[PDB]
Ligand SMILES: Nc1ncnc2c1ncn2[C@@H]1O[C@H](COP(=O)(O)OP(=O)(O)O)[C@@H](O)[C@H]1O
Ligand SMILES: Nc1ncnc2c1ncn2[C@@H]1O[C@H](COP(=O)(O)OP(=O)(O)O)[C@@H](O)[C@H]1O
Ligand SMILES: Nc1ncnc2c1ncn2[C@@H]1O[C@H](COP(=O)(O)OP(=O)(O)O)[C@@H](O)[C@H]1O
Ligand SMILES: Nc1ncnc2c1ncn2[C@@H]1O[C@H](COP(=O)(O)OP(=O)(O)O)[C@@H](O)[C@H]1O
Ligand SMILES: Nc1ncnc2c1ncn2[C@@H]1O[C@H](COP(=O)(O)OP(=O)(O)O)[C@@H](O)[C@H]1O
């Protein structure tokens, strides 16, 4: 009986209407991929009781082993997983950087699309911010513990505030995507994440770079990553920010999943 | 049509930990009455109908082979204690489920699991130091 | 009045089914028009993935549920082999031609009268290309905006009711500059009214600026299309939009 | 997003509910436009039958089930109080104005842009009416053409204890003739008070529509979409006259539109022939206040109904 | 099991009329297309009356006889297959006499056979010779032959004393379907042109004043070379009448091996 | 019967936000009209923010507070009443920091009261 | 104009607001933008395009002008268009919105009883 399903003419696939926000659904598949690995991020990462295909029990916190055992069937999630596989090429770390960062770019993109900003304009902002991040990263081995993620966010947020036009909305959200990584370290350590971001921005406002999250259960304060000896690799952050943005942009460019047959 | 799980059953957060805490208490109840020399016996029947009566905690866990994921952790830990020592599997099994029971209401109140681990790692070393001193 | 194992739509519902299929296929491919347009995924079922905006690959390799839409899919295979481009815009004009035809068919107009207007506008549309294969033509919907104004300033020579078919052909060509404004994230009506209002006392081209949304002279920026593409487009859309309108009944041959 | 014991239509579907009601009320009254139009019956339930073509009686006395359509009925009451004619044509233009607006609103156009075009098309259409009106002297030969044009639309082209032509045998026939005389007297009143008259048979609507199409934007670029919708809305009057007379809707409108010359030329729909017809020559004349109030009444209601964003229950 | 009585003749009419209603619009240069849905989703938009019914599988025996006769018509003659089925269906669509009036089929068959002999006699009068050096006899197409023949029967029926006059005139009006479909496909008013068309054959010569299949208006066949052969029309009317006479004689459809 | 916990604040937000979404388009000289279905099948096409909410039935007490505060505005000032409900609904519509971030209302209220002193000075 | 003018003051003043209160403090500023968001929605003009440029004018040019024209939809200075409203109406409109939002936020249990 009419009116049936709207915009459904290709093999009866689940085509979300204009009200159902087909783009919003492919993003939700990627956000769920981050929550499966957002908790395993950092030294206090939570282990996963993985059950192998041979009915074998393994308790681990490695991202590559989680995804290799988790049969990811959604194609929108496979793209981010393919970036993790491409992350393994040219570097052997930063896998969860691709999952956590890309999940924040897509999660924050929904706040822009909901306002009414076009998906093609959101992509131009992330591509501009990725190019801007590669110029700021040499100025920052780089500090870890979420230190670069706040400074790189602070430097990119200022570029978006002075840049007029519509690209500033996606450029600012590109900076807030970096904040998800300190928020992951704080949540996995049992600390109010908003208090970590508030302190990390204050010390960076005073110019105290190289300051990261002090990993401690009973101390939500911060410390210098240089004095403690915590350091990350430059190419690990370079190729992670690059592949994560391409995976997020590649998902945003897609608006409809369609079946086929040879 | 297009879903992420497609048979992949998964749950996360506080409900998963609370589910494992309750599953660990089941292994405790199976060896709770056998603690001590005068502990109650346990009757176990294999597939062939052959009976097995024994009040040893280690022998009981070998015959159960519980399929729950969290329960296998205690069984493999208790089995290792039997191979290395041959005694104390019931004390290890009961204390583990009891550490989990006491922190159960705090986990429900929003206390992070990692803060609980720092307490066990801290309280354990203080206890081991008190044993050698006394 | 019917036999067992047989079904037929004797009324005009056969057109409403075919017209609805073209509108559905229009809404699918209109999002991948131009560089600003979005991409479509092609899942082969076995796990392979293929992204492409080329309409022929989205019609030749992909599978379509509607039987009527599969006819238009075969047309793109013909459009690709002759010119090599214009398969996506060919489907948009067919959908908008059939859309405007349904507006007049609901008013009691016969379909055959509308097809005669397309044949008259098509012959006038081809002559406009010669005025504006070593020859090339502008892009950015500049020819469509120009041919639309040309067809409006042209009366029939066979009958008066063909004036309606010419009006449907004029408003159908404007879907290309309309869709280019949608994919670029600009208002559909503001962009078209600007390029259509731009006029002068000289031969002047005007198109859609995908980055700014304002009018744009395609010659002053380096945006050019082929002559055979636009030539085959008018001849292809008119033939298929015609034949789809001449379908009076749909009978199941033992389906 | 609503309280219990109530309902709310948040999205633009609330506007489609009002467009559907006007489209339905259009299809009801279009069959009784002009002399060749059909008649409608008014069954009071008690057992009284009543036949009439007067749109004011088919909206005031006839209770309407749809809530939205009852609003337009109240306007037909107001339209009848000023001029006493044009209530039927008022509803048909409202139905087509909202119909044409939905074509552009579905493309993502805001209603407020279309309404601003109606205000521009109204002023242009109102100025053109001043040029078409004939300010000749009212003589018995002229008022007969006005009375015939007004009375033909309410009788059988032929007009107790006496036949109907003794000016009736039945009760409802006397009420039908009483309404036609009051509509005929008010028509001669308007032509005498307002000395200007305008041609009929849709000749003014066809001429004003051609003027609006030949009018570039002057208030806003996108406003011309409403001007085009206003132009196509006016053409419903000659379209309906071709339907009720039994001729093709498209052939009649295209012929009268093709009539062009280097002089004042206003053609209308010949109900017996279907071909174009100079309404001023054959003796078809409408009032100046009727066409004047139509543009003021059609635009205001078609505007206000377009500005309706939500439909809420006030404790219903 | 078995069907007898007026149920049989009323069923054969609905069957032959249904097969004719399908291909009503496939007549003339403005032949409307037909979309045949194959079981595998395949579609063909052909507009040939032969290929349409060839692929449509039917169950009614009367509809099969109407199809098989057109197939036999296609081999002996390469034209007129669509007109045989439309006329045979229109001749049978006049059920006012069979059921409401309770006329026996033998009475109507006497009228249909009488009209066929007179329909043939009317064609040969409006014929025209041929200079084949540049049966040599043509006839005016475009509905002119149908409306010309119908005028003769309507005048001949005035002297037809008996109850057979009513179905005799109905066959004449049934021939108007040919210009009816040609006018419908053009999009013009069917009643307005068909009314004026019948008046032309009354006053003006019957050999001309047909229908324009491309324009939609009336035109003479002397100015437009739509002249058809004579043998095609004779076998067309003869086959349509003999087919209508056949199905009317069917009053008991029974099984048996 | 009663409400407790986070369901209350998120519920009061949806009630106040819903009342503001009604009269979002009733602002300015190009205000949009509203259709009020009477119980007897009648319609009132008013475009006044005070008249619309006066005739609408509300079940949540939070909506009654928003409406009753608007009536107090009309007695003092016969203008700008529609801006009060829209701003009050938009200030409450930011439920990200309210519940999803698990901030206490005292933290939010201290910020809203700090901004109010700054909004007054800037004006 | 007064909404966007005030919102720029809070956004610039929130830069020196060390703590978690900066996030809701900035959210109040973005809430004031809804007033021109509705004026632009009613006229039919693009909301994001004009509201974006509207905020840029307050940054560079003086904040006392460069508001929105509800009739035309484009931007216009209030010195050129007499849309000047009183102060007591806006202050009471701003307090009543915050005081009302502070009220409903202070509700945590809808209780029944007399
Ligand atoms: N001891 C530590 N203190 C603070 N931060 C750390 C520490 N160890 C690792 N990290 C942070 O955790 C993040 C992930 O590190 P790692 O586990 O090596 O990569 P991945 O999570 O991709 O496997 C790094 O960006 C780093 O900043
Ligand atoms: N850079 C551009 N600017 C404006 N219009 C463009 C641009 N590129 C392509 N187009 C328009 O998009 C239409 C489709 O182009 P194309 O994608 O090559 O064909 P198809 O869509 O059939 O695959 C063309 O008619 C052209 O006018
Ligand atoms: N004799 C006629 N010939 C052509 N048109 C006519 C004739 N009489 C009336 N009309 C048309 O019918 C329309 C309605 O006329 P009338 O019945 O007086 O008003 P209403 O339909 O509102 O009661 C007028 O606009 C007029 O143009
Ligand atoms: N050029 C034409 N103009 C008008 N009518 C035509 C024309 N050509 C054919 N017809 C009509 O179409 C009908 C069918 O012709 P034809 O196709 O030869 O036979 P069939 O349809 O049985 O194959 C004829 O009765 C004829 O009157
Ligand atoms: N001509 C105008 N141009 C732009 N904004 C206007 C105009 N007139 C009123 N407004 C805005 O509409 C808002 C509401 O005004 P008003 O209707 O007087 O109060 P209320 O809506 O409470 O009755 C005011 O805040 C004012 O800024």
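Sequential numbering from 1, following the chain as shown.
Placement of Cβ uses the backbone N, Cα and C atoms for every residue, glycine included.
Long-range neighbours of residue E:80 (ATP binding site) (same chain, six or more residues apart, CB within less than 8 Å of its CB): E:73, E:232, E:233, E:235, E:236. In the three-state DSSP assignment, the secondary structure recorded for residue E:80 (ATP binding site) is coil. Positions annotated as ATP binding site by Swiss-Prot: E:28, E:80, E:81, E:82, E:142, E:213, E:228.
According to Swiss-Prot, the Mg(2+) binding site annotation covers E:79.
Residues annotated as SUMO2 cross-link in Swiss-Prot, with a large-scale study or a structure entry given as evidence: E:1. Around residue E:1 (SUMO2 cross-link), taking its Cβ as the centre, 4 other Cβ atoms fall within 10 Å, counting all chains.
Per Swiss-Prot, phosphothreonine is recorded for E:161 (among others). Annotation for residue E:161 (phosphothreonine): no same-chain Cβ neighbours under 8 Å separated by at least 6 residues are found.
For the recorded site, residue E:190 (phosphothreonine), the DSSP three-state label reads helix. Cβ neighbour count for residue E:190 (phosphothreonine) (all protein chains, 10 Å cutoff from its Cβ): 16. The phosphothreonine feature in Swiss-Prot is assigned to E:190 (among others); the stated evidence is a large-scale study or a structure entry.
For residue E:190 (phosphothreonine), the spatially nearest entry among the recorded positions E:1, E:28, E:81, E:213 is E:213, judged by CA separation. Residue E:142 (ATP binding site) is surrounded by 25 other CB atoms, counting those within 10 A of its CB over all protein chains shown.
In sequence order, E:28, E:29, E:30, E:142, E:182, E:185, E:186, E:226 are the residues near residue E:213 (ATP binding site), counting only same-chain partners six or more apart with C-beta under 8 A. Checking the recorded positions E:1, E:161, E:213 against ligand 4 with a 6 Å cutoff on the Cβ atom leaves E:213, in sequence order. Residues listed for ATP, E:28, E:80, E:81, E:82, E:142, E:213, E:228, cover a largest CA to CA span of 18 Å.
When other Cβ atoms within 10 Å of the Cβ of residue E:28 (ATP binding site) are tallied across all protein chains shown, the result is 23.
When the alpha carbons of residue E:79 (Mg(2+) binding site) and residue E:228 (ATP binding site) are compared, the span between them is 10 angstrom. The two recorded residues, residue E:81 (ATP binding site) and residue E:1 (SUMO2 cross-link), show a Cα separation of 33 Å.
Using a Cβ-Cβ cut-off of under 8 Å to chain A, none of the binding-site residues E:28, E:80, E:213 qualifies. On a Cα basis, residue E:82 (ATP binding site) lies 33 Å away from residue E:1 (SUMO2 cross-link). Neighbour density around each Cβ, counted as other Cβ atoms within 10 Å, peaks among the binding-site residues E:79, E:228 at E:228. DSSP assigns residue E:228 (ATP binding site) to a strand segment in the three-state reduction. In the structure as shown, the Cβ atom of residue E:82 (ATP binding site) sits within 10 Å of 26 other Cβ atoms.
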